[PDB]
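Here's the structure, in structure tokens; my notes come after.
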Amino acid sequence: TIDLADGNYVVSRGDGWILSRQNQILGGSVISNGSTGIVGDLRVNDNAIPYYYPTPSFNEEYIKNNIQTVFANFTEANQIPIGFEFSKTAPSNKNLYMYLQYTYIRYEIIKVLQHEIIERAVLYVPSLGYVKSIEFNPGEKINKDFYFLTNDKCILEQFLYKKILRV
Amino acid sequence: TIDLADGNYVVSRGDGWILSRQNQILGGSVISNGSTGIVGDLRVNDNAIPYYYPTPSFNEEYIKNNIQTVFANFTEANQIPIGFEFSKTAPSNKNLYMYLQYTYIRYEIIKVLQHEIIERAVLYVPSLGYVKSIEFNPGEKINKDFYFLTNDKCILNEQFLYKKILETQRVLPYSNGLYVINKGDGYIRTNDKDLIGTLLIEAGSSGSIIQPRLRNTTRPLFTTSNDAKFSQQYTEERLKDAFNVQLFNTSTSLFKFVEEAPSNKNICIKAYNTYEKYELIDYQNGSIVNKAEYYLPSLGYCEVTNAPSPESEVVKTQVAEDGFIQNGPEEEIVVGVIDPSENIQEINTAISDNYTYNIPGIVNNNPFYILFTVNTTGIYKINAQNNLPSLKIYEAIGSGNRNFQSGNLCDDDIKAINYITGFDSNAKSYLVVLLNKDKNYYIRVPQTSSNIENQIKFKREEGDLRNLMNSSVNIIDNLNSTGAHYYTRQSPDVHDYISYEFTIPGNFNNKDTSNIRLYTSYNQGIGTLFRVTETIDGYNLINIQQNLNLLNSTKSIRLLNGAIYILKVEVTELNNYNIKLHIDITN
């Protein structure tokens with residue numbers, strides 16, 4: 001129930017979106033006592049493929065053009081490789097497991113009739129990534145919510161919108 | 001002198017061997033006045049290159065094959081560059097000379113006659129390096145043993161792993177289907193078959209083992225029980241369905257390990273390559289009828305060790321059996337997947353308060369799914385004609401978060417599903433479930449052996465039936481005589497419901513009240529009880545005896561005959577895969 005006038009809106013929900021079920025598909029580092037683990041990635045070619053979820057009247061070309069008109073030109077940026085890395089040190093006598101995810105920028109194209117969203121198309125642009133770590137003991141029960149994500153969510157949370165037309 | 005029976009033995013003497021006369025001098029750096037010197041290499045193409053020292057009995061191919069059968073495959077492991085680095089900071093007002101060598105893995109193959117070694121062949125497999133440094137002053141004599149090594153020697157760990165050359169339970173309440181189980185990360189193989197390598201760091205220095213991904217190739221492992229069905233391609237497709245795994249034998253993800261030794265003693269770090277273990281199981285009628293295991297390459301494992309006491313003899317230990325060791329945290333994530341051999345029909349219109357679905361002829365009486373979405377969050381009763389067959393309701397994981405249009409179905413093509421309710425059986429039940437506004441659900445219809453068409457009704461229930469949320473109301477029809485009736489169904493998980501609707505035998509006159517005994521045989525469950533009055537718009541439920549304890553309960557409740565009663569059981573302890581309810585009638 002958005003508080004917006006009728007029409008189509010291009011919306012940015014900000015960087016920091018981690019996708020569901022896609023948590024440990026890149027693996028994780030296990031660090032023993034004292035050691036330091038540095039896990040990184042470097043977005044070039046296949047790590048930089050946007051994911052479109054289109055709806056009728058909002059096709060892929062529509063989403064791409066309207067997103068890039070008012071927000072970052074992800075097609076141009078994704079050509080330039082960009083690296084990132086996370087460093088973490090294990091305690092004096094403990095084991096530390098830390099796994100890596102990809103973060104995405106969530107873009108939307110929404111249709112507002114009256115004051116209700118009646119149509120939404122989504123686009124995910126891979127931004128950087130995110131390392132999640134825990135300390136564990138041999139034979140310790142770890143909460144399932146640490147490993148598995150059921151719904152997409154933002155780890156960082158905004159709603160930017162634009163209506164689509166001296167001497 | 002050895003204490004092994006006569007024959008041939010493949011022997012690993014550990015990692016961290018320094019060659020004589022410092023084979024392939026490389027030089028060192030002179031640092032001064034608190035500056036830090038960092039020296040490293042990258043084992044890729046010539047820095048690799050195993051050194052063979054054959055014997056007439058053991059030729060080069062003999063050594064290569066026999067070593068690689070038991071221990072790590074160096075031929076396919078030296079094709080992936082691996083980096084190492086050593087960092088040392090000079091004191092405030094002195095000069096420090098660093099000095100780099102390569103360490104190797106010694107791989108003797110020995111022929112034993114009597115209790116003696118008569119033939120030995122040595123294979124030096126290249127490994128990470130070793131930096132030695134000294135603090136020096138101008139015009140100061142330095143010992144030659146710091147500079148020149150006369151004989152081969154090991155610096156890391158005394159080790160002798162030999163093998164003989166041969167002249168050749170738990171009750172799972174899962175519904176029937178295919179599941180993918182993430183069973184944790186950090187799996188390594190036995191006998192150091194995944195060992196990237198070991199660094200020895202002197203006191204007050206830093207050492208690092210790096211995977212720079214100069215080659216993207218990896219090597220997943222796979223073990224199937226029925227290659228006809230669960231082939232490697234099939235398992236990869238099911239992994240893609242479950243956890244959306246895209247890259248299997250390719251990875252672009254750096255990982256490196258750094259360790260600074262304390263200023264008083266030395267340290268060692270072992271780096272291993274690890275695997276994430278996935279089990280693809282076909283689970284039918286309470287037993288795992290098929291299973292495959294996929295080990296996806298992961299981001300390594302670091303182990304920090306200290307050198308043992310200097311006065312310690314070696315022990316000739318035998319190699320361990322082939323297998324996996326989990327160095328990571330305990331994990332078990334079970335995700336059901338849509339069977340790709342079963343058709344999926346769709347309902348493109350969001351379901352309003354009523355809807356009926358006609359079974360198409362293209363199905364041809366086969367198990368299949370119906371994808372559908374619900375217009376407004378609420379409790380729905382889903383059934384077939386005369387409640388035959390019994391359906392199973394699933395739920396797409398992560399559906400509804402992404403794009404959507406109001407009033408229609410946005411097929412997200414998500415094939416990871418959560419079982420909600422349903423019986424896998426001729427059992428006359430109907431589902432009462434709670435469905436949301438944007439999530440996609442699958443109604444699974446089993447194999448029907450009748451040529452007559454079937455209709456599936458999706459009635460939204462705004463009434464007293466909401467008490468039976470997320471429950472498959474089973475219909476008890478063969479209740480017409482006194483006795484000890486028993487019904488066996490698939491037992492729901494803990495804190496999950498299963499309902500039983502029955503009409504007491506005998507005519508109804510608000511009299512002739514009989515005694516009814518309720519109890520389960522194996523699984524303890526809290527029971528409710530409702531009476532049903534037949535209205536024109538739905539079912540009106542009035543509460544009767546609440547909060548029963550049903551595990552072999554000894555109680556009789558006075559129920560007048562000819563009326564309809566619903567018993568709702570919530571399982572609190574799962575002892576059997578099948579729940580087993582008893583309806584006993586006494587006059």
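Residue names in the structure tokens use chain letters A, B, ... in the order shown, residue numbers from 1 in each chain, and ligand numbers from 1 in the order shown.
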
Any idea what's packed within 8 Å of residue A:106, counting only C-alpha atoms, ignoring anything in its chain fewer than 4 positions away? Could you give it as a ChimeraX atom specification? /A:12-15,17,122-125

Write a file of the just-selected residues containing C-alpha atoms, as a PDB file, in the first residue's frame.
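Ended up saving to selection-v8.pdb:
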```
ATOM      1  CA  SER A  12      15.985   1.428  -5.932  1.00  0.00           C
ATOM      2  CA  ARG A  13      15.997  -0.533  -2.678  1.00  0.00           C
ATOM      3  CA  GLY A  14      19.738  -0.137  -2.197  1.00  0.00           C
ATOM      4  CA  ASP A  15      22.759  -2.402  -2.114  1.00  0.00           C
ATOM      5  CA  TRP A  17      20.446  -7.862  -0.892  1.00  0.00           C
ATOM      6  CA  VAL A 122      12.532  -7.026 -10.180  1.00  0.00           C
ATOM      7  CA  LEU A 123      16.185  -6.749 -11.200  1.00  0.00           C
ATOM      8  CA  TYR A 124      19.220  -7.932  -9.222  1.00  0.00           C
ATOM      9  CA  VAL A 125      22.614  -6.409 -10.046  1.00  0.00           C
TER      10      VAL A 125
END
```

As a PyMOL selection string, please: every residue in chain A that DSSP puts in strand (DSSP E). chain A and resi 7-12+17-18+28-31+36-43+51-53+82-89+95-101+104-113+116-126+130-136+153-154+160-163

Residue among B:1, B:318, B:327, B:546 lying closest to residue A:96, counting only C-alpha atoms: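 The answer is B:327, which sits nearest to residue A:96.
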
What residues in chain A lie within 6 Å of chain B, counting only C-alpha atoms, written as a count of residues only? 24

One residue among A:63, A:114, A:107, A:145 is nearest to residue A:159 when using only C-alpha atoms, and that residue is A:107

Mind pulling up the distance from atom CA of residue B:454 to atom CA of residue B:384? 6.7 Å

Interatomic distance, atom CA of residue B:342 to atom CA of residue B:435 (Å, one decimal):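 Atom CA of residue B:435 lies 23.3 Å from atom CA of residue B:342.
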